[PDB]
Amino acid sequence: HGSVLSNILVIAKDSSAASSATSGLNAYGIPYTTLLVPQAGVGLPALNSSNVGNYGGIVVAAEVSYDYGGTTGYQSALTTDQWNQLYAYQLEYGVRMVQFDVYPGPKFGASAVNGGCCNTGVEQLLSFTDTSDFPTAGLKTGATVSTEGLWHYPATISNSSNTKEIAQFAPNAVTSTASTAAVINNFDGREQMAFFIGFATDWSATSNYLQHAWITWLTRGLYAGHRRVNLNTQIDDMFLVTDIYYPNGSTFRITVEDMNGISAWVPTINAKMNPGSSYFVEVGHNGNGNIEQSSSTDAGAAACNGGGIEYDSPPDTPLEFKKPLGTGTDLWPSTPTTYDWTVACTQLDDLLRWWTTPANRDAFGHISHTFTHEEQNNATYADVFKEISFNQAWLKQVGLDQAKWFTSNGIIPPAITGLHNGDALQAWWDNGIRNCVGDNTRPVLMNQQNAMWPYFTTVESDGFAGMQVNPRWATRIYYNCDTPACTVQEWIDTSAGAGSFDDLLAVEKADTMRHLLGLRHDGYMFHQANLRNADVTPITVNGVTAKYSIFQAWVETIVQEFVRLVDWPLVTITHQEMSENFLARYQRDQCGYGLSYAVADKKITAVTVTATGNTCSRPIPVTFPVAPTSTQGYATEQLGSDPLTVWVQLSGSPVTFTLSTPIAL
Ligand SMILES: *[C@@H]1O[C@H](CO)[C@@H](O[C@@H]2O[C@H](CO)[C@@H](O)[C@H](O)[C@H]2NC(C)=O)[C@H](O)[C@H]1NC(C)=O
Ligand SMILES: *[C@@H]1O[C@H](CO)[C@@H](O[C@@H]2O[C@H](CO)[C@@H](O)[C@H](O)[C@H]2NC(C)=O)[C@H](O)[C@H]1NC(C)=O
Ligand SMILES: *[C@@H]1O[C@H](CO)[C@@H](O)[C@H](O)[C@H]1NC(C)=O
Ligand SMILES: *[C@H]1O[C@H](CO)[C@@H](O)[C@H](O)[C@@H]1O
Ligand SMILES: [Cl-]
Ligand SMILES: [Cl-]
Ligand SMILES: [Cl-]
Ligand SMILES: [Zn+2]
Ligand SMILES: [Zn+2]
Ligand SMILES: [Zn+2]
Ligand SMILES: [Zn+2]
Ligand SMILES: [Zn+2]
Ligand SMILES: [Zn+2]
């Protein structure tokens with residue numbers, strides 16, 4: 001008999017060391033406790049009480065080792081007796097331990113082949129050779145990843161009766177033979193997973209890939225948490241004309257032929273994803289671009305009340321400019337006070353008639369990008385109020401708000417502007433707008449307490465309080481580019497860019513895997529000029545030659561690499577749904593939810609969900625590696641080969657689930 005709390009104990013020397021272990025647990029939502037061990041030492045928390053174990057797993061980074069000088073040399077800052085308490089806890093309560101960034105020694109059942117890893121720019125490929133100890137992790141065996149920049153130690157298992165190999169360093173320029181990279185130890189009942197390589201989840205995509213092995217193994221696939229990867233790709237500036245960067249003085253506006261190519265390609269890329277996936281492209285519209293196109297001819301202008309909204313744009317304010325409330329000057333023409341354009345006017349745009357066709361509309365996501373794309377950093381309430389309401393009426397008249405995938409309470413702010421203009425945010429709020437999207441290159445717009453949370457505007461910092469700013473990634477597929485030559489040129493001119501378009505896609509592949517394998521649900525920023533494909537020179541992406549747009553080439557690169565590494569689904573959700581999950585994630589993290597599991601004769605038989613007062617506004621996710629006896633009428637989730645996720649709604653009493661097949665320890 002006995003019970004164990006599902007809290008993960010993370011032991012490290014400083015907050016930087018612990019972050020390479022807590023970031024993964026935080027991404028899953030797994031409750032954890034951080035114990036920092038200075039060189040002077042520290043005492044361990046209460047590991048157990050009577051018949052209840054306080055921790056479901058232990059993670060130790062670099063053996064919390066310091067150089068004590070003298071003949072002592074490098075030693076763990078935890079005493080020998082403290083390490084024995086941890087080993088004793090592992091045995092009595094069946095708790096596993098993970099150690100990464102450790103040197104191969106007798107404590108890990110291995111010895112170093114003798115030497116460091118690889119210097120700067122020296123690659124050594126790494127791959128899992130046996131994933132049978134953590135099958136619900138969904139890692140594809142044999143797929144190679146990069147160790148460049150991560151110091152490691154090629155190792156050799158010394159006694160194969162207590163230590164098995166799960167990862168392997170490939171041969172390279174320094175080494176002629178493969179070697180052991182990670183092991184699992186069984187020391188007379190004590191189970192341990194040891195990684196002979198450093199971790200750096202802040203910059204390394206490889207580290208964010210590896211962490212899913214030790215997290216799944218440490219928890220046996222059973223934990224309070226949730227593993228989902230969202231792939232949301234937003235296309236700004238639809239119906240607008242954008243000035244192209246490389247062939248200066250040229251302009252591009254997406255065409256019907258271009259869009260037919262994108263439509264035909266969506267099922268193609270869907271069939272490349274693992275089972276359970278579901279991808280679509282979400283579009284942000286500017287209604288005034290539809291009126292201006294229809295008014296491009298003399299007779300068309302007569303059909304559109306003379307044309308759309310027209311004004312002179314002011315010079316851009318400094319970034320993060322907070323407009324003093326009540327100031328500014330209106331730019332909108334005084335004559336059109338309300339959206340008053342004819343349906344027949346809008347129909348003169350070939351691109352509109354395509355978008356309004358139900359078969360086309362219902363294959364994409366739709367959200368407002370303001371009517372005229374007016375920058376709102378220094379705009380007035382009156383201007384921004386019409387920027388929102390006009391585009392709402394246009395979306396309603398044209399029928400886009402009837403789409404299967406539509407966002408009604410959120411916008412993509414134009415060029416991410418007005419987020420510090422209180423009068424603008426109030427104009428959003430006075431219409432149905434409650435959330436929006438930000439820019440992850442501007443730290444002011446990101447949550448400073450937890451990356452998994454959205455930022456909430458404040459009266460002090462933004463002139464308005466309550467607007468939810470969801471994060472969004474930027475890419476080297478730039479907003480004013482329509483060809484590979486363009487993006488590569490702007491990447492070269494405005495960055496450390498160097499190489500071809502494949503070189504640009506290669507760095508985008510690594511950076512996006514770091515986001516996706518880190519369970520960052522942020523969307524990605526693209527623009528209408530990036531969809532140009534109908535008339536482009538064919539290029540080759542991963543050996544397949546086609547008339548890919550720069551947007552498609554990015555998605556092809558990202559999706560194929562994701563599928564090469566894991567078998568998880570890729571699920572696209574609307575901006576409205578994405579903002580909802582960001583809010584629910586933030587809210588349930590304030591309830592202090594926890595899990596505990598009961599053990600009966602060396603086997604896990606049940607779990608119990610709890611929170612502060614056993615109540616929470618939001619349901620608590622619980623991941624099952626074995627199906628419980630009954631989901632008890634709660635909302636469940638199990639796409640593709642994912643484990644079963646049960647959203648447990650706590651209402652005052654703690655909920656308990658019985659494992660249909662008990663998990664042996
Ligand atoms: C390799 O590890 C195994 C497992 O720890 C060792 O097997 C133990 O051997 C001792 C003495 O021979 C026995 O008292 C234990 O009962 C054994 N344990 C198990 C689980 O079988 C084995 O001796 C090790 N090999 C070497 C060469 O030391
Ligand atoms: C924000 O808007 C205000 C209001 O239009 C700007 O103030 C005007 O600035 C121009 C400079 O071109 C002056 O000629 C006007 O006299 C100013 N009017 C008032 C009422 O102050 C302000 O410059 C804008 N700031 C930014 C950064 O764009
Ligand atoms: C923790 O469990 C051990 C047995 O493994 C026991 O000896 C010890 O007293 C417990 N700690 C408590 C009750 O504080
Ligand atoms: C519980 O589930 C396992 C497989 O998930 C079975 O092997 C067992 O018999 C029980 O049905
Ligand atoms: Cl037609
Ligand atoms: Cl319809
Ligand atoms: Cl770069
Ligand atoms: Zn835009
Ligand atoms: Zn601008
Ligand atoms: Zn944009
Ligand atoms: Zn990025
Ligand atoms: Zn598969
Ligand atoms: Zn076991």
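We count ligands from 1, going down the list as the structure has it; atoms in each ligand are counted the same way. Numbers here simply count residues along the sequence, with the first being 1. Side chains are part of it too, since the values below use all heavy atoms of this structure and drop only hydrogens, waters and symmetry mates.
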- Among protein heavy atoms, which sits nearest to atom 1 (C) of ligand 1, and what does the distance come to when rounded to 0.1 Å?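 Answer, as residue, atom name and distance: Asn159 ND2, 1.4 Å.
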
- Message: Starting from atom 19 (C) of ligand 1, what is the nearest protein heavy atom, named by residue and atom, and what distance separates them?
- Response: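 Answer, as residue, atom name and distance: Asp188 OD1, 4.6 Å.
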
- Message: Please list all pairs meeting salt bridge (charged side-chain N to carboxylate O under 4.0 Å, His left out) that have one or both residues in residues 80-90, counting only residues at least two apart or in different chains.
- Response: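 Qualifying pairs, neighbours excluded: none.
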
- Task: Sequence neighbours left out, what passes disulfide bond (SG atoms under 2.5 Å apart) with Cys345? Give chain and number order.
- Result: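 Applying disulfide bond (SG atoms under 2.5 Å apart) to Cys345 gives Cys304.
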
- Item | Of all N/O/S atoms in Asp236, the name of the one nearest the Zn ion (ligand 10) |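 Distance check against the Zn ion (ligand 10) picks out OD2 in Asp236.
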
- Message: For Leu331, run the side chain to side chain contact (heavy atoms under 4.5 Å, CB included) check against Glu310, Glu375, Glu374 and tell me which one passes.
- Response: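 So, applying the side chain to side chain contact (heavy atoms under 4.5 Å, CB included) to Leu331 and each of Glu310, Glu375, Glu374, only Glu374 qualifies.
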
Does the protein put a heavy atom less than 4.0 Å from [atom]?
atom                    : answer
atom 13 (C) of ligand 1 : no
atom 9 (O) of ligand 1  : no
atom 25 (N) of ligand 1 : yes

- Passing candidate, ring-ring contact (aromatic ring centres under 6.0 Å, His included) with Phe280, options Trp405, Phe406, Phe364: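 Testing each of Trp405, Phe406, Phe364 against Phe280, the sole residue satisfying ring-ring contact (aromatic ring centres under 6.0 Å, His included) is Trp405.
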
- Message: Counting backbone and side-chain atoms alike, is an N, O or S atom of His527 positioned under 2.8 Å from the Zn ion (ligand 10)?
- Response: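 Under 2.8 Å: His527 contacts the Zn ion (ligand 10) through an N, O or S atom.
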
- Hey, is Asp330 close enough to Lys386 for a salt bridge, meaning N to O under 4.0 Å?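 The answer is no: the pair does not qualify as a salt bridge.
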
- Query: So, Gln576 and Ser408: side-chain donor and acceptor under 3.5 Å apart, yes or no?
  - Reply: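 There is such a pair between these side chains.
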
